[PDB]
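Report on the structure given below.
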Amino acid sequence: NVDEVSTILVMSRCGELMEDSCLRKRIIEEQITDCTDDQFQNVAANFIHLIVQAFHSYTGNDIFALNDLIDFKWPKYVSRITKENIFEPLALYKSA
Amino acid sequence: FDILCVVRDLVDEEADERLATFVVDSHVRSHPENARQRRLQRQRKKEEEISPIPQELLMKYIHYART
Amino acid sequence: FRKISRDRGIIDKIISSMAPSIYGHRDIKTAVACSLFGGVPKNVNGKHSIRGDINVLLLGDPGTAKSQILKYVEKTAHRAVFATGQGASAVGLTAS
Amino acid sequence: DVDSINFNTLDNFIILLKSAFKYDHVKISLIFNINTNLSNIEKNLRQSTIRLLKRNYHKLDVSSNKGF
Amino acid sequence: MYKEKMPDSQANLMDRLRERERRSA
Amino acid sequence: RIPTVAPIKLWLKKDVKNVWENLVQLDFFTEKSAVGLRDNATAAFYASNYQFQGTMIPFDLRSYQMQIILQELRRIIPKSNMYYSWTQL
Amino acid sequence: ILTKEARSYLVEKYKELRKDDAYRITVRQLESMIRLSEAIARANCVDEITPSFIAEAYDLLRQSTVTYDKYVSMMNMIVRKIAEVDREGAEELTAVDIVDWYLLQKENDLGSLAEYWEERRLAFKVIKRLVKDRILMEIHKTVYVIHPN
Ligand SMILES: Nc1ncnc2c1ncn2[C@@H]1O[C@H](COP(=O)(O)OP(=O)(O)O)[C@@H](O)[C@H]1O
């Protein structure tokens, strides 16, 4: 089910995306001293939920298709993360 | 006949916009609103707003040319 | 009249003067004006004759003011008669 | 010559080669000779395989004509 | 139009409906 | 059928392709002359050899037939679905 | 009498209709739109033909649990309210914020104090239906924003 797919992708890709090189480069560039792995997971979960709610009708309740969108849009989504978007996912969505 | 005028009601954004903005102003003009002289002056002002020749003069000109 | 006649390019003013509230259709307005002014009924040597008036047919789709133009010729020409196709009879048009 | 290749067979072959990633000692590179554009590939291949290709791809115009 | 932009009434909207009701008769 | 403004996305033809593929994977659609699974290996060899017309014609022009009739759709689709009103003609 | 901005609104809406026939709409339908706006204002005390009247005439000629019309009426209001704060950049709206605003917009149409809770509950149900249709996107307050569709 849609809820099942949403929970499974969050359970799966969170640790995969919490440790990618691009985000830890951008954190250094943006000097995010208060960033923690708990907030890292929350940012990844927000990303995944946003993709799911935007593209479930496009992909269906399919794990494989959503994974590839999560991989592709992840660099470009990271490029819009700045000092102002650490705590407001709404603003990051607006930028993205 | 001598002249045959064929008309197509084909659709186009620019032509339709021009036609609609002309028609709406025509319907604004034709709507109602020495007083005789003043009202004749206002009517001729509205005629000038849309035609280069006053229409009574045009009628007389046509009659004179035909005569 | 002679003051008006000397204006350069008087023909365009006359053509633009026909039915001002009707937008466009300049190729029809010119024909209407030409039929209003008409030509010369040259009764050459008496024994031969040529009609002096121009006949105009307005053919087109509905919503093209093929009818309201006649409601300008009827109000502009010195003597105009208006009839509808099905509201006329052969006896009625010609002679009774 | 990609355009003349049966795209269903190509898609199945790509999925087959995908199984090779379980081996730690194998690396695979793909060269696509395209005549017109990415449009034919996007039309003919399944949208699942396109996502497999797109994760790491490069685009290069090697035509003999380039801005005079 | 959008004239009713900020009529930030309290729970007095229930009393407003009471005014609507009790005098309609 | 919606009131207008005083001063429901039509999805692009390209994004629909994934939905079209999903509807063929899940056996709702089928080809016009789909023989399906062959009975024996000898016929299966020939089937894997021969290339049908459906393997060459464009993606958007491949004819399909339906396994579920609209009567069953209206019987199964909940009335609370926003496209239930379109289940009939 | 036609208002000046009503002319621009009318030509825009006429082009919108003319695009859809690529019966077929002619200029007679533009005159009909003017005539129907005139008739609607003729059933009212104001001669100013506001764009709302032309919108109503456009809807009446172009269109040729909870009831259909009552539900669809709230959708335009809520979408326009959210698009307003989209342009303003103000704080985003929760479900309660939308419900209270919508009730304020229809204070004069309510019949009784009992109908207050009925309409509030109907509004929440309509919000849930819209979310199920993905015309509104829920983000985290429980923030509702215009869906990417
Ligand atoms: N070119 C045009 N410019 C302005 N108004 C027009 C034009 N064509 C048609 N109209 C409007 O549409 C109506 C057409 O009436 P009518 O002459 O009976 O149409 P038709 O004879 O072409 O079927 C007129 O009242 C006129 O106001």
Set D:36, D:49: member being of a type in the set (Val, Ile, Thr) and more than 12 Å from the chain's Cα centre (by Cα): D:36
Evaluate the following for residue C:92: is it farther than 21 Å from residue B:51 by Cβ and in a helix (DSSP H, G or I)? yes
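Here's the yes/no breakdown for (1) among the polar types (S, T, N, Q); (2) in a helix (DSSP H, G or I); (3) out of contact with any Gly (no Cβ under 6 Å at 6 or more places or on another chain); (4) more than 7 Å from every other protein chain (Cβ to nearest Cβ):
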| residue | (1), (2), (3), (4) |
| --- | --- |
| G:17 | no, yes, yes, yes |
| G:28 | no, yes, no, no |
| G:36 | no, yes, yes, yes |
| G:41 | no, yes, yes, yes |
| G:47 | no, no, yes, yes |
| G:54 | no, yes, yes, yes |
| G:58 | no, yes, yes, no |
| G:61 | no, yes, yes, yes |
Against the definition (hydrophobic (A, V, I, L, M, F, W, C), in a loop (DSSP other than H, G, I, E, B) and either within 14 Å of chain C (Cβ to nearest Cβ) or out of contact with any strand residue (DSSP E or B) (no Cβ under 7 Å at 6 or more places or on another chain) (or both)), how does residue G:90 come out, yes or no? yes
Quick one: in the stretch A:59-86, which of the residues that are of a type in the set (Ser, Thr, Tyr) and more than 14 Å from chain D (Cβ to nearest Cβ) is surrounded by the fewest Cβ atoms within 10 Å (Cβ to Cβ)? A:79
So is residue G:66 within 14 Å of chain F (Cβ to nearest Cβ) and over 30 Å from residue G:21 (Cα atoms) or not? yes
Yes or no: residue C:72 under 22 Å from residue B:66 (Cα atoms), surrounded by 12 or more Cβ atoms within 10 Å (Cβ to Cβ), within 13 Å of the ligand (Cβ to nearest atom) and not small (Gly, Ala, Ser)? yes
Among the residues of the stretch C:60-69, are any away from the ligand (no atom under 16 Å from the Cβ) and on the phi < 0 side of the Ramachandran plot? no
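Could you tell me whether residue C:36 is farther than 18 Å from residue B:6 by Cα, touching a helix residue (DSSP H, G or I) at 6+ places or on another chain (Cβ under 7 Å), at the interface with another protein chain (Cβ under 10 Å from one of its Cβ atoms) and outside any loop (DSSP other than H, G, I, E, B)? Step through it out loud before you land on a result.
Numbers: farther than 18 Å from residue B:6 by Cα: yes; touching a helix residue (DSSP H, G or I) at 6+ places or on another chain (Cβ under 7 Å): yes; at the interface with another protein chain (Cβ under 10 Å from one of its Cβ atoms): yes; outside any loop (DSSP other than H, G, I, E, B): yes.
Judged against the criteria, residue C:36 is a match.
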Failed criterion for residue F:15 (all others in (1) over 19 Å from residue D:9 (Cα atoms); (2) in contact with a helix residue (DSSP H, G or I) (Cβ under 6 Å, 6 or more places away or on another chain); (3) more than 14 Å from chain G (Cβ to nearest Cβ) hold): (3)
What is the one condition in (1) within 10 Å of another protein chain (Cβ to nearest Cβ); (2) within 16 Å of the ligand (Cβ to nearest atom) that residue C:85 does not satisfy? (1)
Say whether the condition of being touching a helix residue (DSSP H, G or I) at 6+ places or on another chain (Cβ under 9 Å) and assigned to a loop (DSSP other than H, G, I, E, B) is met by at least one residue in the stretch G:111-128. yes
For residue G:69, state whether it is out of contact with any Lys or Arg (no Cβ under 7 Å at 6 or more places or on another chain), under 19 Å from residue C:63 (Cα atoms) and loosely packed, with under 12 Cβ neighbours inside 10 Å. no
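Can you find even one residue in the stretch A:50-58 that is aromatic (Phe, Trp, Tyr), surrounded by 14 or more Cβ atoms within 10 Å (Cβ to Cβ) and within 20 Å of residue A:3 (Cα to Cα)?
Yes: one or more hits.
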Of the conditions (1) within 14 Å of chain F (Cβ to nearest Cβ); (2) surrounded by 13 or more Cβ atoms within 10 Å (Cβ to Cβ), residue G:138 satisfies every one except a single condition; which number is it? (1)
Only one of (1) exposed (fewer than 14 other Cβ atoms within 10 Å of the Cβ); (2) out of contact with any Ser or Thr (no Cβ under 7 Å at 6 or more places or on another chain); (3) within 19 Å of residue B:23 (Cα to Cα) is not met by residue G:34, so which one is it? (1)
Can you name the number of the only condition in (1) over 22 Å from residue E:14 (Cβ atoms); (2) surrounded by 14 or more Cβ atoms within 10 Å (Cβ to Cβ); (3) away from chain E (no Cβ under 12 Å); (4) hydrophobic (A, V, I, L, M, F, W, C) that residue G:74 fails? (1)
With the condition kept exactly as written, say whether any residue in the stretch B:43-63 is surrounded by 15 or more Cβ atoms within 10 Å (Cβ to Cβ), within 12 Å of the ligand (Cβ to nearest atom) and either over 30 Å from residue G:15 (Cα atoms) or acidic (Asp, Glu) (or both). no
In the stretch F:69-89, what residues are surrounded by 11 or more Cβ atoms within 10 Å (Cβ to Cβ) and among the β-branched types (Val, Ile, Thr)? F:77, F:87
Can you tell me which residues in the stretch B:1-42 are within 16 Å of the ligand (Cβ to nearest atom), among the acidic types (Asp, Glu) and facing chain C (nearest Cβ under 8 Å)? B:9
Selection from the stretch C:26-59 of residues within 14 Å of the ligand (Cβ to nearest atom) and exposed (fewer than 14 other Cβ atoms within 10 Å of the Cβ) yields C:26, C:27, C:57, C:59
Among the residues of the stretch C:16-25, are any outside any loop (DSSP other than H, G, I, E, B), under 25 Å from residue B:18 (Cβ atoms) and within 16 Å of the ligand (Cβ to nearest atom)? yes
Are any residues in the stretch B:1-17 within 21 Å of residue G:17 (Cα to Cα) and touching a helix residue (DSSP H, G or I) at 6+ places or on another chain (Cβ under 9 Å), and if so, which ones? B:7, B:9, B:11, B:12, B:13, B:16, B:17
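Coordinate-derived values only; no laboratory data. Virtual Cβ from ideal backbone geometry, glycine too; neighbours counted across all protein chains shown.
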